[PDB]
Amino acid sequence: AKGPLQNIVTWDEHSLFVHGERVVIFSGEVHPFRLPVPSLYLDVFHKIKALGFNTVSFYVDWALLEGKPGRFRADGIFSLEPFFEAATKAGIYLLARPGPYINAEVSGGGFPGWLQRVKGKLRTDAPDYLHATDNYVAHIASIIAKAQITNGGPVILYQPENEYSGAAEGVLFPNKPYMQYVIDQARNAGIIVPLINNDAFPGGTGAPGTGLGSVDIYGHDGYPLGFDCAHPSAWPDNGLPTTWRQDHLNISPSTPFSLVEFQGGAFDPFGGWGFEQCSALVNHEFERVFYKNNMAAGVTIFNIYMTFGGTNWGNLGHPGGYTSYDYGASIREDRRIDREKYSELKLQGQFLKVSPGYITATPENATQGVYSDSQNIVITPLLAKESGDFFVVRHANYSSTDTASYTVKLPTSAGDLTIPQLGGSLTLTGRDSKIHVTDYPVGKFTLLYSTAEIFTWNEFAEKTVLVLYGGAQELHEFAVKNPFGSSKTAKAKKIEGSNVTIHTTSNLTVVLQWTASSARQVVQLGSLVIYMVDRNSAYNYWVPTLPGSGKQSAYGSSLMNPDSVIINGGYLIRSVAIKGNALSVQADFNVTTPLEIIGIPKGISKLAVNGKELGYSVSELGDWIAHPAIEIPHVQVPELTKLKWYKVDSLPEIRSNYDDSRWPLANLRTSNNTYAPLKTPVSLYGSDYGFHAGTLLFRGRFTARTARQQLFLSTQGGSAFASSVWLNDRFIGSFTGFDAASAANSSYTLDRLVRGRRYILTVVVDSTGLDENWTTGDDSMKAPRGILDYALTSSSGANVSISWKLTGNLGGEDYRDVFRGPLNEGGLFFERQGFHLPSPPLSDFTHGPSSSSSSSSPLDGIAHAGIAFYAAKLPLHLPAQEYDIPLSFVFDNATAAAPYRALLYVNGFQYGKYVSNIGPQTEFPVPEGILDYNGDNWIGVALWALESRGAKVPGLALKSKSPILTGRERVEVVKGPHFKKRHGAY
Ligand SMILES: *[C@@H]1O[C@H](CO)[C@@H](O[C@@H]2O[C@H](CO)[C@@H](O[C@@H]3O[C@H](CO[C@H]4O[C@H](CO)[C@@H](O)[C@H](O)[C@@H]4O)[C@@H](O)[C@H](O[C@H]4O[C@H](CO)[C@@H](O)[C@H](O)[C@@H]4O[C@H]4O[C@H](CO)[C@@H](O)[C@H](O)[C@@H]4O[C@H]4O[C@H](CO)[C@@H](O)[C@H](O[C@H]5O[C@H](CO)[C@@H](O)[C@H](O)[C@H]5O)[C@@H]4O)[C@@H]3O)[C@H](O)[C@H]2NC(C)=O)[C@H](O)[C@H]1NC(C)=O
Ligand SMILES: *[C@@H]1O[C@H](CO)[C@@H](O[C@@H]2O[C@H](CO)[C@@H](O[C@@H]3O[C@H](CO[C@H]4O[C@H](CO)[C@@H](O)[C@H](O[C@H]5O[C@H](CO)[C@@H](O)[C@H](O)[C@@H]5O[C@H]5O[C@H](CO)[C@@H](O)[C@H](O)[C@@H]5O)[C@@H]4O)[C@@H](O)[C@H](O[C@H]4O[C@H](CO)[C@@H](O)[C@H](O)[C@@H]4O)[C@@H]3O)[C@H](O)[C@H]2NC(C)=O)[C@H](O)[C@H]1NC(C)=O
Ligand SMILES: *[C@@H]1O[C@H](CO)[C@@H](O[C@@H]2O[C@H](CO)[C@@H](O)[C@H](O)[C@H]2NC(C)=O)[C@H](O)[C@H]1NC(C)=O
Ligand SMILES: OC[C@H]1O[C@@H](SCCc2ccccc2)[C@H](O)[C@@H](O)[C@H]1O
Ligand SMILES: *[C@@H]1O[C@H](CO)[C@@H](O)[C@H](O)[C@H]1NC(C)=O
Ligand SMILES: *[C@@H]1O[C@H](CO)[C@@H](O)[C@H](O)[C@H]1NC(C)=O
């Protein structure tokens, strides 16, 4: 790396520049493959734009796009085109992270399962691995190249590879020829924007200056609390990073300090704590302490992983996680932005985007007892000659939940001042951190200092507006350099509030003190109007940007200090636009509230909200107060237990009339899997035969030699898998699984056999996905699925041979549903047949009354070990044009219930794997777009009873969240193909 290849996106020690403007990049991670509803991407982009972010970072999952080697397919729900179009329409730039390896808690870390057939070490310059990535990178980097800002699109940065940060013992690292080949694939496909990496820690790998394989901007990650959400209140000693400014200067001082992934939640395994408990660990307190600590080090490219997590639908996740990928993120899986951490993150995004002085201030060492007489707080200064200083304050024990009283002594253009200058003390409550400022520009005005935090400011036609906030009951002070100008008359005016005090010095510096509370204080100083609110009130303010013109209209007048309107009230403000003499607002409301609009453009006299005109009151400061009609209706949804359920047996394999003549033979005598050399005479690894997704089945023929024989069977499905065995129709046993078991050794007696007769063992092995490969040189993604080893011995100790057949999804890599992708289906009979698809062939199913002996309902289940599939039509008629109504399917986990596994299908998409004896997921959201809110839907539930007494689903319900009156763009239903009989199925 030797400089920029283009002049649109450039950089220096302090920041990125976009179109010549210095900017703080504040980005949220979103994975387009985890939300297969193209019309919903604009919804998530409006929610992230409203935080004050300007960028989204995204992965691309190779395993979904090249499920058949040599056939790259990114059409329909797999196209990035609607994702790019929504970023341009929202005014968001993108950091593209296509891998090939992405990790991401996805199956294989993004590697397709056919890489288990590649001998060479993954993520090295073994040429079989390198060349296996070429077709994918050539296609995905050319699609990203067309979307670069240099071509009028949203992409501004590209990440090659992922967290290339160490290697197994004895493996070359860093492997600079490998790194360089991955760069060359991107540059050869037309990527000309800067390249950025994401080292796990500040190891220096790939930094500028390291020669072959170096990127343009050195990036690293941070997950300081880890990923285990067992104790969400516990912040352990030494958890806060305190060395990153000096580590940056030691590794890559020529480029901006960049945290390309920083903790926005945590992943959660089977048997984990649930994502509500992750959201309690990475909560609003974590954001204010840890994210302001990154500002203390001068971060200027900062991406929060995850900002919206989505769902691991269609088996796309790895075994170390389950169906949800809510991640505890600021935006929930079902897209709601009610968590307090969302509103706290918005206060920080809105501050940085009006604060260009922060970019060129220089961060210095943290101090204790230097900028305050108190030693109970630590203060990190960011200092500049004239353009303004910033001071990050935290408790000395960063974990402290105590409240401290303090004052500060800060450098200013008027000299060093102990603040408050008018008396009193500041307060830092538990797990809080503040940024205080000196010589902070507010348009034409200047804050000589402020203890209160800045939410936003802007210069409008008739006034300049500044919004300041504090936690409740905190005293704050700020000072404004002479705001009157030449005026002899001019004096402050108190507009609202009865606690604020005003003091003027002889040189006309105005000093204001106030104590934050629910009651806003407002003071006018000439044409400057200051609004002083508490934190909880500031959570409800929004700063939508005014559009510019042309294709890039949504990016506004500039990235920093954009033309804006300030709006107090609402669950979300998505956008504003000027339409003649009207201001038109798009907004969502989850509760009733008024709206106050601050900074009305000149000549505008009409207001609309969500396309409906409304009147307004005018305040003495020229703000509008409007009262939109907000009706939050009671929503009734259908009771699932009352739908007409149909049932089909999904284990016909164990009946004596089953014909397996169409099954693939498991007759490969060698494997290319170098990670797990064969122990058996033939490969029984699914991926060796093209089966990489979901449940596998094996059928083993043998001729009985003695009446009793002993079977040893070693199966592997990934963490929290299970396996079940039958001898002809006789149930032998199950390995019922647990969170810590990815394989199992099982021994069974096969008794009462007729010597000379042929028997068939049917073995079902679930797979919870392919493992990741996060240590280069340890080929962990190659861990196979299926049968690792076996032995069948007679009662005299002779070895008895078994000949095998197997299946996964019908077709393997020639998978049958091109619309829903290569991973959606496993190998269970009902999946193979396509019986999970909309409008299934009801002649092949049975129906009978619930609670009866012939019930076809999953609530009645089955009375033996086995596998059944249940399907029902679910009509919905909900007011989706006006409301966003999140729906989910909830299983009851009754303490007395036999163990089972279940699969949830909605309109042909697999949207849940439920494991009754492992957990933790019971509630499975499914988005509108996959569900049709004004038409028929098909839902499906597979039931796998693991023990001999059978199983049933104890309760299953459709649940709704409180409806949100919405101004989103309309959600279009995803039109997947319906059932058609499959030729060659079995
Ligand atoms: C319906 O209700 C029922 C009844 O309530 C629920 O059933 C209950 O389910 C729970 C959870 O599954 C289950 O408890 C677990 O039991 C298993 C099995 O143990 C038993 O069997 C084994 C095998 O014979 C014996 O050897 C044992 O003695 C025991 O008899 C056990 O492994 C679990 O242990 C974990 O949790 C304990 C804390 O609760 C710990 O003390 C353990 O050390 C262990 O801890 C792991 O998991 C914790 C939770 O995630 C985690 O905090 C901790 O750090 C550690 O994580 C590591 O290991 C786990 C694997 O165990 C792994 O998942 C993690 O991996 C992730 O993280 C890595 C590092 O970042 C990452 O690399 C990786 O990719 C990630 O995936 C990590 O390596 C636990 O005791 C109960 O037995 C069961 N009760 C009954 C009566 O059946 C049921 O769940 C409910 N169903 C629904 C749908 O909700
Ligand atoms: C409609 O959409 C809106 C959003 O637009 C949703 O509103 C959000 O609802 C969520 C869920 O209820 C709210 O989050 C939860 O908030 C509660 C209440 O606490 C908050 O509000 C009170 C004021 O009512 C504040 O006093 C709280 O702040 C104090 O305490 C927190 C510690 O909780 C501390 O960090 C603060 O600094 C502050 O401390 C000061 O006061 C305390 C008390 O006097 C004092 O001891 C201390 O010294 C300081 O002086 C706080 O802002 C909160 O209890 C919950 O937290 C718990 O759960 C989460 C896990 O879920 C954990 O992360 C956390 O650790 C706690 O265990 C939640 O944070 C959210 O605030 C609210 N947002 C807005 C904008 O209103 C609606 O729900 C939606 N409604 C519908 C129908 O859809
Ligand atoms: C830093 O402050 C934290 C937060 O108060 C302290 O953590 C507490 O430690 C006590 C005593 O061991 C526990 O009983 C509390 O439950 C902890 N509280 C929380 C919320 O985790 C911590 O010990 C202090 N660290 C140092 C070095 O002083
Ligand atoms: O959700 C976890 C994420 O971890 C990071 S590596 C982070 C390595 C690290 C771990 C702990 C502290 C610091 C860095 C990956 O790049 C993501 O794809 C995703 O898997
Ligand atoms: C092993 O890899 C080679 C590609 O080098 C291929 O020709 C062969 O069929 C593979 N064999 C198996 C058993 O996957
Ligand atoms: C199964 O047993 C074999 C042979 O003893 C051993 O190599 C292997 O580690 C065992 N696997 C498990 C999951 O216990």
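Numbering (the authors' numbering), first residue to last: 38 to 1023. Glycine included, C-beta positions come from ideal geometry on N, C-alpha and C.
**Request:** Mark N710 as exposed unless 16 or more other C-beta atoms lie within 10 angstroms of its C-beta, in which case mark it buried.
**Result:** Its Cβ being crowded by 16 or more others within 10 Å, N710 is buried.
**Distance cut 6 Å, beta-carbon to ligand 6 heavy atom: residue list by chain order** = A Cβ closer than 6 Å to some heavy atom of ligand 6 marks a residue here, and those residues are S751, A780, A781, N782.
**Nearest neighbour of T444, chosen from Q558, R431, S411 [CA to CA]** = Measuring from the Cα of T444, the nearest candidate turns out to be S411.
**Request:** Going by CA-CA distance only, name the one from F497, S586, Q558 that's closest to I635.
**Result:** Out of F497, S586, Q558, the CA that lies nearest to the CA of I635 is found in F497.
**Message:** Going residue by residue through the region 551-598, where are the continuous alpha helix (DSSP H) segments of at least 4 residues, counting only ones entirely within it?
**Reply:** List check, alpha helix (DSSP H) in window: 572-575.
**Item:** Nearest to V415 (by Cα), restricted to the options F264, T279, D112, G508
**Value:** Shortest Cα-Cα distance from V415 to any of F264, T279, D112, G508 involves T279.
**Item:** Beta bridge counterpart(s) of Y653 as assigned by DSSP
**Value:** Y653 pairs with nothing; no bridge assigned.
**Request:** Taking all protein chains shown into account, decide if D803 is buried (16 or more other Cβ within 10 angstroms of its Cβ) or exposed.
**Result:** Note on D803: 16 or more other CB atoms within 10 angstroms of its CB, so buried under the neighbour-count rule.
**heavy atom of ligand 4 below 8 Å from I139 C-beta** = Proximity of the beta carbon of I139 to ligand 4 is indicated: a heavy atom of the ligand is located closer than 8 Å.
**Message:** Quick check: is any heavy atom of ligand 2 less than 8 Å from the C-beta of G845?
**Reply:** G845 has its Cβ no nearer than 8 Å to any heavy atom of ligand 2.
**Prompt:** Are the CB atoms of residue 1024 and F735 nearer to each other than 9 Å?
**Reply:** Coverage of the chain is limited to positions 38 through 1023, which leaves residue 1024 absent and any answer about it impossible.
**Request:** Can you tell me which of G406, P448, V430 puts its alpha carbon nearest to the alpha carbon of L420?
**Result:** Selection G406, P448, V430 evaluated against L420 yields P448 as nearest (Cα-Cα).
**Asked** Just to confirm, does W981 get its C-beta within under 8 Å of one of the non-hydrogen atoms of ligand 1?
**Response** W981 has its CB no nearer than 8 Å to any heavy atom of ligand 1.
**Message:** Once DSSP output is grouped into helix, strand and coil, what is the label at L296?
**Reply:** The three-state secondary structure of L296, taken from DSSP, is strand.
**Message:** Whole angstroms are fine: how far does the CA of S761 sit from the CA of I769?
**Reply:** Each residue's Cα considered, the two are about 8 Å apart.
**Prompt:** What residue range is occupied by the uninterrupted alpha helix (DSSP H) comprising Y379?
**Reply:** Annotation for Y379: the continuous alpha helix (DSSP H) segment containing it runs 377-389.
**Item:** Integer Cβ distance of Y173 from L102, believed to fall under 8 Å
**Value:** 7 Å between Cβ atoms; contact.
**Asked** Between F264 and ligand 4, is the CB less than 8 Å from at least one heavy atom?
**Response** Judged by the Cβ position, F264 qualifies as a neighbour of ligand 4 at the 8 Å threshold, a heavy atom of the ligand being closer than this.
**Prompt:** Which runs of the beta strand (DSSP E) spanning at least 3 residues fall entirely within the region 89-138, listed in chain order?
**Reply:** Correct list: 92-96, 130-136.
**Item:** Simplified DSSP state of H664, which is helix, strand or coil
**Value:** In this structure, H664 counts as coil in the three-state DSSP scheme.
**Message:** My assumption, with CB atoms under 8 Å, is that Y195 sits in contact with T161. Please give the rounded CB distance.
**Reply:** Contact between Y195 and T161 is absent: CB atoms are separated by about 22 Å, not below the 8 Å threshold.
**Prompt:** Under a Cβ-count criterion, where at least 16 other Cβ atoms within 10 Å of its own Cβ denotes burial, should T732 be classed as buried or exposed?
**Reply:** Buried, by the Cβ-count rule.
**Item:** Through-space distance from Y395 to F427, alpha-carbon basis
**Value:** Cα-Cα distance, rounded: 7 Å.
**Prompt:** Is the number of C-beta pairs between the region 867-880 and the region 951-959 that are closer than 8 Å three or more?
**Reply:** Contact fails: fewer than three Cβ-Cβ distances are below 8 Å.
**Prompt:** Which parts of the region 385-465 are runs of the beta strand (DSSP E), unbroken and 3 residues or longer, counting only runs that do not cross its ends?
**Reply:** Fully enclosed beta strand (DSSP E) runs of 3 or longer: 414-420, 426-432, 441-443, 445-447, 454-456, 463-465.
**Request:** Output the boundary residues of the alpha helix (DSSP H) element that contains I85.
**Result:** Note, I85: alpha helix (DSSP H), 78-86.
**Message:** Please classify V791 as buried or exposed, where buried requires at least 16 other C-beta atoms within 10 Å of its C-beta.
**Reply:** By the neighbour-count definition (other C-beta atoms within 10 Å, threshold 16), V791 is an exposed residue.
**Proximity test, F148 beta-carbon vs ligand 1 heavy atom, cut-off 8 Å** = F148 Cβ: outside cutoff for every heavy atom of ligand 1.
**Request:** Within the region 754-778, note down every full beta strand (DSSP E) run reaching 3 residues or more, in order along the chain.
**Result:** List check, beta strand (DSSP E) in window: 760-764, 767-772.
**Message:** With the cut-off set at 9 Å, would you say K471 and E490 are in Cβ contact?
**Reply:** Result yes, Cβ atoms of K471 and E490 sit closer than 9 Å.
**Item:** Straight-line Cα distance separating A663 from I604
**Value:** Looking at the two C-alpha atoms, the distance is approximately 11 Å.
**Asked** Per the contact definition of three or more C-beta pairs closer than 8 Å, is the region 597-616 in contact with the region 579-588?
**Response** The region 579-588, when compared against the region 597-616, does touch it at the 8 Å Cβ threshold.
**Prompt:** Quick one: is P73 buried, meaning 16 or more other Cβ sit within 10 Å of its Cβ, or exposed?
**Reply:** Around the CB of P73, 16 or more other CB atoms lie within 10 Å, so the residue is classed as buried.
**Request:** Compute the minimum distance between the beta carbon of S202 and the heavy atoms of ligand 4, and state whether it is under 8 Å.
**Result:** Flag set: Cβ of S202 near ligand 4.
**Item:** Contact check, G354 vs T805, beta carbons under 9 Å
**Value:** Taking 9 Å as the Cβ cut-off, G354 and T805 qualify as a contacting pair.
**Rounded straight-line distance, which links the Cα of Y726 to that of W700** = For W700 and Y726, the distance between alpha carbons rounds to 11 Å.
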